[PDB]
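Before any comments, here is the structure.
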Amino acid sequence: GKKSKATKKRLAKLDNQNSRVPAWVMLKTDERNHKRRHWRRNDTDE
Amino acid sequence: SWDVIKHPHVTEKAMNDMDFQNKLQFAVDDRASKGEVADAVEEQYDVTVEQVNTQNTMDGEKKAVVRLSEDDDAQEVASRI
Amino acid sequence: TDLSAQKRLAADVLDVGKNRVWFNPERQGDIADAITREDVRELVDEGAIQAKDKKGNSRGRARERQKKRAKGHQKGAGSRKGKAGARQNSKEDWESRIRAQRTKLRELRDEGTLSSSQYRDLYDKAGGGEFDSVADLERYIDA
Amino acid sequence: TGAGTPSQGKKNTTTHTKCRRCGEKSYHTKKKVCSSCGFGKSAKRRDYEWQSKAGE
Amino acid sequence: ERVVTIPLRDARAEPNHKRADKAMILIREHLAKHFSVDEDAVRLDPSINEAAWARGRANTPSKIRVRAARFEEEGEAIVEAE
RNA sequence: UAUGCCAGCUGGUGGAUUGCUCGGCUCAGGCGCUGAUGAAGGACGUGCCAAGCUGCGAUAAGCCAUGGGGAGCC
RNA sequence: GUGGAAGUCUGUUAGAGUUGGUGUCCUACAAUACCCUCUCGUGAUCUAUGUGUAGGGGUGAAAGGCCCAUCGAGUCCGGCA
RNA sequence: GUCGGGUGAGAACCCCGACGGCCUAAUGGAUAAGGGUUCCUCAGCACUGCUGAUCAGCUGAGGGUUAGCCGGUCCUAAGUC
RNA sequence: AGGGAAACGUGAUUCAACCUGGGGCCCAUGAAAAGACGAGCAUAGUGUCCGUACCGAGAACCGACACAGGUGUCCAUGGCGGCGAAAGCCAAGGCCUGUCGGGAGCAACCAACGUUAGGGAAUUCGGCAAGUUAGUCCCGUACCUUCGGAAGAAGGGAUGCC
RNA sequence: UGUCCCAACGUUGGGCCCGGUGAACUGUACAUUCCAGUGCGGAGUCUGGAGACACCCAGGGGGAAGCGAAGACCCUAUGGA
Ligand SMILES: [Cl-]
Ligand SMILES: [Cl-]
Ligand SMILES: [Mg+2]
Ligand SMILES: [Mg+2]
Ligand SMILES: [Mg+2]
Ligand SMILES: [Mg+2]
Ligand SMILES: [Mg+2]
Ligand SMILES: [Mg+2]
Ligand SMILES: [Mg+2]
Ligand SMILES: [Mg+2]
Ligand SMILES: [Mg+2]
Ligand SMILES: [Mg+2]
Ligand SMILES: [Mg+2]
Ligand SMILES: [Mg+2]
Ligand SMILES: [Mg+2]
Ligand SMILES: [Mg+2]
Ligand SMILES: [Mg+2]
Ligand SMILES: [Mg+2]
Ligand SMILES: [Mg+2]
Ligand SMILES: [Mg+2]
Ligand SMILES: [Mg+2]
Ligand SMILES: [Mg+2]
Ligand code: NA
Ligand code: NA
Ligand code: NA
Ligand code: NA
Ligand code: NA
Ligand code: NA
Ligand code: NA
Ligand code: NA
Ligand code: NA
Ligand code: NA
Ligand code: NA
Ligand code: NA
């Protein structure tokens, strides 16, 4: 498939949202990422 | 108004280009052309841009591989920041 | 130790199939430490990494058969599998024969043995398939 | 051929995409019309009274 | 140490396409018994392996002469073709 | 007296029950238009480290003025 | 003899199809699969991508077949408790 | 697959060698769609993997895609707005 | 220039690609437009913007799954074989991941399958299933027929190696 | 010509034992049953007898009018298409 510049931006953001809640936030909140998306098990939009 | 140069892209590969090819890599505003990147670069570091290669990254940002003239030395230009 | 990464590298550096690269069992540790293509070339030069040789099918037995068949053997009814016209293309064979006979008559003409009228008569007869071969043509020529 | 599983295999065509106007993935790239907001068909936004109970 | 002849007739009890494997097991079992040692301690030199697999996985030889030695602090045997 | 039946005891599983309420539901009074001076909505950004939410818009959890407020804040 | 015609023949060439085994499977590998067998294979042929036709309407070499596992009138939500 | 060996707290299935095999219009090589970071490296094993795992398409963190002359871009097709 | 450890060949045959001709067929007639040519040469400057990773499948796609299904193109000239892009065997390349293993001569029973004396369809709704036959050449070929065909009719013989 | 007379032997993968992984169907209760009888006329459970020490492994499926599906057949509905 041939992706456009926009599409590429979106996939990129999606990848970034795919990170984990940083360790420090755990400590700062005295205590999960519900938007975790696997490439195979999940499906993005467009 | 948006600025052309965002910051220096410093990674192992960026180093190799700098030490062996006299190139500097930067994170630039994706609306910027090679031409603009070239100018912005010369005016900020006072050097002579020979060539610019761009790539829209999977990081949402635009990367520019800027090669300086033999007259200038990437290693040094980068050492002052 | 896991040298699968290196295998991939050596195969590209030696320019050979991964399956042909050979790593010296006594130097896993060192190869294990090979991280760069250059590290690889280096171990290659020390002969710690080498490339096995590729085989080729022997054409020995093929050649002997080729000889027998070139001499006229091993082609009996019991050795044919395709239809006759398959073993020899009838149209292709006719083009061979007719050209021979047309080249023949062409020479005798220039050569003077045949008058452009005798030739013409023979040519037309040949195109009409009256001569089984050049020899048969020559024979007929001699009345 | 089974209209089931075996017919699912040819489904590699892209139709509904991320809509420029509403942000939903309902912009039919072949029709150039959004099935969600109506973008490409109507200047006004797509909306219907049946999207909710009659008295609400 | 000594030279022993291992019968591999029992590998025919195992499905034919897998004789080699079974034979290799018999050989280890044999040495372990005849040299009073744990089958864990029996080391077969590759030569033996190559002998058994010589005509493929399905055509193992009916016997095999094997040279073995016994020793060390936990008890063991090292063997090889002959 | 194995396999085992009934009841209980100690521990567990489970999350009922009781207690609690940052949420709902309904009534009532007030109030009430926005947009080409580009709205509402969306997208993508924006933090020292920042994934979500909120805010904000390349001056990006913010800039300025006046009033309030006060020794704390981010 | 030459020529090389054909909704022509043989053909697991590629590809298309789906006759029998009422085999295997039947909480499957699979909400239509596996194997052997079998039919077509220069044509009314097969096929990719693009494109048109929309629900009492399409499309149909016609079986009430097909229109996203949905068809003697699709699907979704509403009428609707 | 088998015998040795490597690493490791742990090895039938992670890695090296030999021996034995499998794939030949594909189980090889290059790609369209589609996927969307799955690519490489390092660090790991609570999850995922039809057993195990020191391995991984898994978990975490980093890195990676450079064009006047390859595509788009331009033209016009059925047709569409 | 490059590349090769080295040698760093010469001729030939058959010849995919590519080029260029001739014939035949249609109650079927086999796009368009941009653009190029037409229309020289030197030197110099400019050539921005988007894609570019990887999978491309018995684990990266669709099918709820690391699904025995489905999914387009190019490589159709690797060797023996042979009519062959067929079988079978083997290179190059890939793989031991169509991913759980250990043990019993390993019984009954089941799935796939081999061989069964004498008989030979008695089996069964039915020859279902299985089997027989087979490639190639020579001889030879009935009824019928729309004169095309029937036809590989049938039937008979040959077939290796040196 | 193993379709049959009439079956036999063998080959591979299961089946059986062991390590690891690890579901579903189904369940008012009780339940070791058999022969008879009786009952809404088709009973493991009533009545009379008979038999019956408990547990477990493997089997081929006689019974639980076995499990699966608010019977398609038929009739009825001031039902539908
Ligand atoms: Cl491209
Ligand atoms: Cl010609
Ligand atoms: Mg990342
Ligand atoms: Mg680019
Ligand atoms: Mg001819
Ligand atoms: Mg359907
Ligand atoms: Mg035909
Ligand atoms: Mg055919
Ligand atoms: Mg179409
Ligand atoms: Mg009908
Ligand atoms: Mg649907
Ligand atoms: Mg990887
Ligand atoms: Mg690792
Ligand atoms: Mg690439
Ligand atoms: Mg798999
Ligand atoms: Mg018999
Ligand atoms: Mg009879
Ligand atoms: Mg009878
Ligand atoms: Mg039959
Ligand atoms: Mg009923
Ligand atoms: Mg009826
Ligand atoms: Mg009616
Ligand atoms: Na996906
Ligand atoms: Na940056
Ligand atoms: Na108001
Ligand atoms: Na945040
Ligand atoms: Na003629
Ligand atoms: Na079939
Ligand atoms: Na309708
Ligand atoms: Na309704
Ligand atoms: Na050949
Ligand atoms: Na495995
Ligand atoms: Na039989
Ligand atoms: Na039963």
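FYI, nothing fancy with the structure tokens labels: chains A, B, ... in order, residues from 1 per chain, ligands from 1 as they appear.
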Residues at most 10 Å from residue 9 of chain B, counting only C-alpha atoms (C1' of nucleotides), excluding those fewer than 2 positions away in the same chain, as a list in words? residues 6, 7, 11, 12, 13, 14, 15, 24, 25, 26, 27, 28, 63, 64 and 65 of chain B
Cut-off 12 Å, only C-alpha atoms (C1' of nucleotides) and all ligand atoms, neighbours of ligand 21 as a list in words: residues 71, 72, 73, 74 and 75 of chain J
Members of chain E assigned helix (DSSP H, G or I) by DSSP, as a count of residues only: 31
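Reported to one decimal place, the separation of atom CA of residue 12 of chain E from atom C1' of residue 105 of chain I is 8.0 Å.
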Determine, using only C-alpha atoms (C1' of nucleotides) and all ligand atoms, which residues of chain I have any atom at most 12 Å from an atom of ligand 1, and tabulate each with its shortest atom pair and distance in Å to one decimal place, rows ordered by chain and then rising number, as CSV.
```
residue,atom,partner,partner_atom_place_in_ligand_line,distance
I:50,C1',ligand 1,1 (Cl),10.9
I:51,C1',ligand 1,1 (Cl),6.2
I:52,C1',ligand 1,1 (Cl),6.8
```
If I take atom CA of residue 15 of chain A and atom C1' of residue 61 of chain I, how far is one from the other in Å, to one decimal?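 Those two atoms sit 19.9 Å apart.
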Find the residues around segment 52-65 of chain F up to 12 Å (only C-alpha atoms (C1' of nucleotides) counted), leave out those fewer than 3 positions away in its own chain, and share them as a PyMOL selection string. (chain A and resi 17-22+25+32-36) or (chain B and resi 1-4+6+29) or (chain F and resi 44-47+74)
Output file for the residues above (N, CA and C atoms (P, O5', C5', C4', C3', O3' and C1' of nucleotides), as a PDB file, in the first residue's frame):
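Written output follows (result29.pdb):
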```pdb
ATOM      1  N   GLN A  17       0.987   6.508  20.885  1.00  0.00           N
ATOM      2  CA  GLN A  17      -0.028   6.275  21.915  1.00  0.00           C
ATOM      3  C   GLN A  17       0.100   4.848  22.427  1.00  0.00           C
ATOM      4  N   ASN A  18       0.858   4.055  21.687  1.00  0.00           N
ATOM      5  CA  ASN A  18       1.028   2.660  22.008  1.00  0.00           C
ATOM      6  C   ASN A  18       2.107   2.365  23.033  1.00  0.00           C
ATOM      7  N   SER A  19       2.570   3.405  23.717  1.00  0.00           N
ATOM      8  CA  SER A  19       3.591   3.210  24.735  1.00  0.00           C
ATOM      9  C   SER A  19       2.893   2.962  26.074  1.00  0.00           C
ATOM     10  N   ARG A  20       3.687   2.660  27.093  1.00  0.00           N
ATOM     11  CA  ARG A  20       3.161   2.357  28.410  1.00  0.00           C
ATOM     12  C   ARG A  20       3.223   3.554  29.320  1.00  0.00           C
ATOM     13  N   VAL A  21       2.367   3.548  30.332  1.00  0.00           N
ATOM     14  CA  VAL A  21       2.327   4.611  31.316  1.00  0.00           C
ATOM     15  C   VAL A  21       3.700   4.599  31.981  1.00  0.00           C
ATOM     16  N   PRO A  22       4.459   5.701  31.866  1.00  0.00           N
ATOM     17  CA  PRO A  22       5.793   5.772  32.470  1.00  0.00           C
ATOM     18  C   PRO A  22       5.820   5.440  33.952  1.00  0.00           C
ATOM     19  N   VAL A  25       4.889   7.940  36.745  1.00  0.00           N
ATOM     20  CA  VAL A  25       3.504   8.315  36.924  1.00  0.00           C
ATOM     21  C   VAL A  25       2.881   7.388  37.957  1.00  0.00           C
ATOM     22  N   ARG A  32      -2.039   1.065  34.120  1.00  0.00           N
ATOM     23  CA  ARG A  32      -2.807   0.533  32.995  1.00  0.00           C
ATOM     24  C   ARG A  32      -3.038   1.500  31.831  1.00  0.00           C
ATOM     25  N   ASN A  33      -2.715   1.050  30.621  1.00  0.00           N
ATOM     26  CA  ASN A  33      -2.932   1.835  29.407  1.00  0.00           C
ATOM     27  C   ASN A  33      -4.059   1.101  28.674  1.00  0.00           C
ATOM     28  N   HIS A  34      -5.269   1.651  28.747  1.00  0.00           N
ATOM     29  CA  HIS A  34      -6.445   1.035  28.117  1.00  0.00           C
ATOM     30  C   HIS A  34      -6.533   1.208  26.586  1.00  0.00           C
ATOM     31  N   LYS A  35      -5.535   1.861  25.988  1.00  0.00           N
ATOM     32  CA  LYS A  35      -5.517   2.081  24.538  1.00  0.00           C
ATOM     33  C   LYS A  35      -4.387   1.323  23.840  1.00  0.00           C
ATOM     34  N   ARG A  36      -3.924   0.249  24.489  1.00  0.00           N
ATOM     35  CA  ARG A  36      -2.861  -0.607  23.961  1.00  0.00           C
ATOM     36  C   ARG A  36      -3.407  -1.330  22.746  1.00  0.00           C
TER      37      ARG A  36
ATOM     38  N   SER B   1       4.291  32.084  14.138  1.00  0.00           N
ATOM     39  CA  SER B   1       5.108  31.577  13.038  1.00  0.00           C
ATOM     40  C   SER B   1       6.041  30.432  13.448  1.00  0.00           C
ATOM     41  N   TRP B   2       6.057  29.377  12.638  1.00  0.00           N
ATOM     42  CA  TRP B   2       6.897  28.215  12.904  1.00  0.00           C
ATOM     43  C   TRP B   2       8.345  28.382  12.415  1.00  0.00           C
ATOM     44  N   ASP B   3       9.279  27.843  13.199  1.00  0.00           N
ATOM     45  CA  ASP B   3      10.699  27.896  12.878  1.00  0.00           C
ATOM     46  C   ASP B   3      11.081  26.676  12.045  1.00  0.00           C
ATOM     47  N   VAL B   4      12.117  26.826  11.214  1.00  0.00           N
ATOM     48  CA  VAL B   4      12.584  25.745  10.341  1.00  0.00           C
ATOM     49  C   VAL B   4      13.323  24.628  11.051  1.00  0.00           C
ATOM     50  N   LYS B   6      14.243  22.449  14.221  1.00  0.00           N
ATOM     51  CA  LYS B   6      13.669  22.114  15.522  1.00  0.00           C
ATOM     52  C   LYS B   6      14.737  21.798  16.565  1.00  0.00           C
ATOM     53  N   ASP B  29      10.795  21.355  10.670  1.00  0.00           N
ATOM     54  CA  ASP B  29       9.360  21.428  10.512  1.00  0.00           C
ATOM     55  C   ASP B  29       8.970  20.811   9.182  1.00  0.00           C
TER      56      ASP B  29
ATOM     57  P     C F  44      -5.263  12.537  15.078  1.00  0.00           P
ATOM     58  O5'   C F  44      -4.103  13.622  15.061  1.00  0.00           O
ATOM     59  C5'   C F  44      -3.220  13.710  13.933  1.00  0.00           C
ATOM     60  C4'   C F  44      -2.360  14.944  14.020  1.00  0.00           C
ATOM     61  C3'   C F  44      -1.488  15.108  15.247  1.00  0.00           C
ATOM     62  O3'   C F  44      -0.294  14.352  15.257  1.00  0.00           O
ATOM     63  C1'   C F  44      -2.540  17.153  14.793  1.00  0.00           C
ATOM     64  P     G F  45       0.585  14.294  16.609  1.00  0.00           P
ATOM     65  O5'   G F  45       1.399  15.658  16.554  1.00  0.00           O
ATOM     66  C5'   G F  45       1.933  16.264  17.736  1.00  0.00           C
ATOM     67  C4'   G F  45       1.950  17.769  17.587  1.00  0.00           C
ATOM     68  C3'   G F  45       2.426  18.515  18.823  1.00  0.00           C
ATOM     69  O3'   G F  45       3.846  18.670  18.798  1.00  0.00           O
ATOM     70  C1'   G F  45       0.319  19.349  18.161  1.00  0.00           C
ATOM     71  P     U F  46       4.696  18.223  20.073  1.00  0.00           P
ATOM     72  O5'   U F  46       4.267  19.292  21.164  1.00  0.00           O
ATOM     73  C5'   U F  46       4.575  20.681  20.976  1.00  0.00           C
ATOM     74  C4'   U F  46       3.864  21.506  22.010  1.00  0.00           C
ATOM     75  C3'   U F  46       4.093  21.036  23.434  1.00  0.00           C
ATOM     76  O3'   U F  46       5.314  21.613  23.913  1.00  0.00           O
ATOM     77  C1'   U F  46       1.772  21.387  23.059  1.00  0.00           C
ATOM     78  P     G F  47       6.388  20.704  24.695  1.00  0.00           P
ATOM     79  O5'   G F  47       5.697  20.443  26.100  1.00  0.00           O
ATOM     80  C5'   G F  47       5.319  21.545  26.923  1.00  0.00           C
ATOM     81  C4'   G F  47       5.541  21.217  28.376  1.00  0.00           C
ATOM     82  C3'   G F  47       6.833  20.488  28.715  1.00  0.00           C
ATOM     83  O3'   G F  47       7.292  20.975  29.949  1.00  0.00           O
ATOM     84  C1'   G F  47       5.004  19.238  29.485  1.00  0.00           C
ATOM     85  P     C F  74      -0.011  23.810  42.591  1.00  0.00           P
ATOM     86  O5'   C F  74       1.151  23.838  41.505  1.00  0.00           O
ATOM     87  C5'   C F  74       0.928  24.472  40.230  1.00  0.00           C
ATOM     88  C4'   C F  74       2.123  24.286  39.329  1.00  0.00           C
ATOM     89  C3'   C F  74       2.565  22.857  39.057  1.00  0.00           C
ATOM     90  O3'   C F  74       1.750  22.283  38.024  1.00  0.00           O
ATOM     91  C1'   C F  74       4.453  24.225  39.502  1.00  0.00           C
TER      92        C F  74
END
```
With a distance cut-off of 12 Å and only C-alpha atoms (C1' of nucleotides), select the neighbouring residues of residue 3 of chain G, excluding the residue or stretch itself and same-chain residues fewer than 6 positions from it, and output the selection as a PDB file with N, CA, C and O atoms (P, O5', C5', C4', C3', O3' and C1' of nucleotides), in the first residue's frame.
```pdb
ATOM      1  N   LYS C  91       6.353 -30.124 -40.396  1.00  0.00           N
ATOM      2  CA  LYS C  91       6.510 -28.890 -41.178  1.00  0.00           C
ATOM      3  C   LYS C  91       7.974 -28.429 -41.162  1.00  0.00           C
ATOM      4  O   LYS C  91       8.532 -28.035 -42.179  1.00  0.00           O
TER       5      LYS C  91
ATOM      6  P     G I  23       1.085 -10.243 -46.943  1.00  0.00           P
ATOM      7  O5'   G I  23       0.353 -11.591 -46.517  1.00  0.00           O
ATOM      8  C5'   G I  23       0.373 -12.708 -47.421  1.00  0.00           C
ATOM      9  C4'   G I  23      -0.065 -13.980 -46.740  1.00  0.00           C
ATOM     10  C3'   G I  23      -1.485 -14.028 -46.229  1.00  0.00           C
ATOM     11  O3'   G I  23      -2.420 -14.236 -47.273  1.00  0.00           O
ATOM     12  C1'   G I  23      -0.060 -14.879 -44.570  1.00  0.00           C
ATOM     13  P     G I  24      -3.834 -13.476 -47.228  1.00  0.00           P
ATOM     14  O5'   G I  24      -4.613 -14.242 -46.069  1.00  0.00           O
ATOM     15  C5'   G I  24      -4.952 -15.635 -46.231  1.00  0.00           C
ATOM     16  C4'   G I  24      -5.533 -16.198 -44.958  1.00  0.00           C
ATOM     17  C3'   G I  24      -6.764 -15.498 -44.410  1.00  0.00           C
ATOM     18  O3'   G I  24      -7.958 -15.904 -45.060  1.00  0.00           O
ATOM     19  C1'   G I  24      -5.238 -15.867 -42.663  1.00  0.00           C
TER      20        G I  24
END
```
Hey, can you check how far atom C1' of residue 113 of chain I sits from atom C1' of residue 22 of chain G?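 It comes out at 21.6 Å.
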Return as a VMD selection string every polymer residue, whether protein, DNA or RNA, with at least one atom no more than 12 Å from an atom of ligand 29; count only C-alpha atoms (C1' of nucleotides) and all ligand atoms. chain G and resid 54 to 58 71 to 75
Return as an MDAnalysis selection string every polymer residue, whether protein, DNA or RNA, with at least one atom no more than 9 Å from an atom of ligand 7; count only C-alpha atoms (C1' of nucleotides) and all ligand atoms. chainID G and resid 6:9 40:43
Considering only C-alpha atoms (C1' of nucleotides), return as a list in words whatever protein or nucleic-acid residues lie within 8 Å of segment 33-38 of chain B, sequence-local ones (same chain, fewer than 6 positions apart) excluded. residues 4, 5, 49, 51, 52, 53, 54, 64 and 66 of chain B; 48 and 49 of chain I
Under the rule of at most 7 Å, produce a per-residue listing of chain E near chain H: chain, number, name, the closest pair of atoms, and the distance in Å, as JSON lines, using only C-alpha atoms (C1' of nucleotides).
```
{"residue": "E:21", "atom": "CA", "partner": "H:2", "partner_atom": "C1'", "distance": 6.2}
{"residue": "E:44", "atom": "CA", "partner": "H:3", "partner_atom": "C1'", "distance": 6.7}
{"residue": "E:45", "atom": "CA", "partner": "H:4", "partner_atom": "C1'", "distance": 6.8}
{"residue": "E:46", "atom": "CA", "partner": "H:3", "partner_atom": "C1'", "distance": 4.8}
{"residue": "E:49", "atom": "CA", "partner": "H:3", "partner_atom": "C1'", "distance": 5.2}
{"residue": "E:50", "atom": "CA", "partner": "H:19", "partner_atom": "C1'", "distance": 5.2}
{"residue": "E:53", "atom": "CA", "partner": "H:20", "partner_atom": "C1'", "distance": 6.4}
{"residue": "E:56", "atom": "CA", "partner": "H:20", "partner_atom": "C1'", "distance": 5.8}
{"residue": "E:57", "atom": "CA", "partner": "H:20", "partner_atom": "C1'", "distance": 6.4}
```
Go ahead and write the residues just picked, N, CA, C and O atoms, as an mmCIF file, in the first residue's frame.
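New file again33.cif:
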```
data_model
loop_
_atom_site.group_PDB
_atom_site.id
_atom_site.type_symbol
_atom_site.label_atom_id
_atom_site.label_comp_id
_atom_site.auth_asym_id
_atom_site.auth_seq_id
_atom_site.Cartn_x
_atom_site.Cartn_y
_atom_site.Cartn_z
ATOM 1 N N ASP E 21 16.803 -43.540 14.749
ATOM 2 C CA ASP E 21 16.616 -43.040 16.094
ATOM 3 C C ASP E 21 16.621 -44.206 17.073
ATOM 4 O O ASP E 21 17.477 -44.268 17.942
ATOM 5 N N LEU E 44 28.249 -41.338 23.097
ATOM 6 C CA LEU E 44 28.515 -41.976 21.826
ATOM 7 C C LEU E 44 29.233 -41.023 20.908
ATOM 8 O O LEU E 44 28.743 -39.938 20.635
ATOM 9 N N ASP E 45 30.407 -41.422 20.445
ATOM 10 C CA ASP E 45 31.159 -40.595 19.524
ATOM 11 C C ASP E 45 30.391 -40.547 18.196
ATOM 12 O O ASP E 45 29.876 -41.567 17.732
ATOM 13 N N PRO E 46 30.278 -39.353 17.586
ATOM 14 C CA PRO E 46 29.581 -39.138 16.315
ATOM 15 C C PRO E 46 29.742 -40.259 15.290
ATOM 16 O O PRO E 46 28.829 -40.516 14.505
ATOM 17 N N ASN E 49 27.066 -42.546 15.521
ATOM 18 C CA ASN E 49 25.896 -41.941 14.914
ATOM 19 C C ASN E 49 25.939 -42.070 13.398
ATOM 20 O O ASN E 49 24.984 -42.545 12.787
ATOM 21 N N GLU E 50 27.049 -41.677 12.790
ATOM 22 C CA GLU E 50 27.156 -41.755 11.342
ATOM 23 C C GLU E 50 27.072 -43.167 10.792
ATOM 24 O O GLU E 50 26.638 -43.367 9.659
ATOM 25 N N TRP E 53 23.311 -43.971 10.807
ATOM 26 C CA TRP E 53 22.545 -43.258 9.793
ATOM 27 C C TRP E 53 23.092 -43.378 8.372
ATOM 28 O O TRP E 53 22.560 -42.763 7.451
ATOM 29 N N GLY E 56 20.532 -43.864 5.668
ATOM 30 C CA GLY E 56 19.288 -43.155 5.912
ATOM 31 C C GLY E 56 18.636 -43.543 7.224
ATOM 32 O O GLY E 56 19.125 -44.416 7.927
ATOM 33 N N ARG E 57 17.513 -42.913 7.534
ATOM 34 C CA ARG E 57 16.792 -43.159 8.773
ATOM 35 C C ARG E 57 16.112 -44.515 8.859
ATOM 36 O O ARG E 57 15.923 -45.061 9.942
#
```
Hey, list the chain D side of the contact with chain H: 10 Å cut-off, only C-alpha atoms (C1' of nucleotides), answer as number ranges by chain. D: 10-14, 30-32, 40
Residues of chain I within 6 Å of chain C, only C-alpha atoms (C1' of nucleotides) counted, as an NGL selection string: :I and (79 or 83 or 91 or 135-137 or 159)
Could you tell me which residues of chain D sit within 10 Å of chain F when counting only C-alpha atoms (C1' of nucleotides), and give me the result as a VMD selection string? chain D and resid 19 to 24 45
Nearby residues (only C-alpha atoms (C1' of nucleotides)) at most 7 Å from residue 9 of chain D, same-chain spacing under 2 positions excluded, as number ranges by chain: D: 6-7, 11; I: 62-63, 70-71
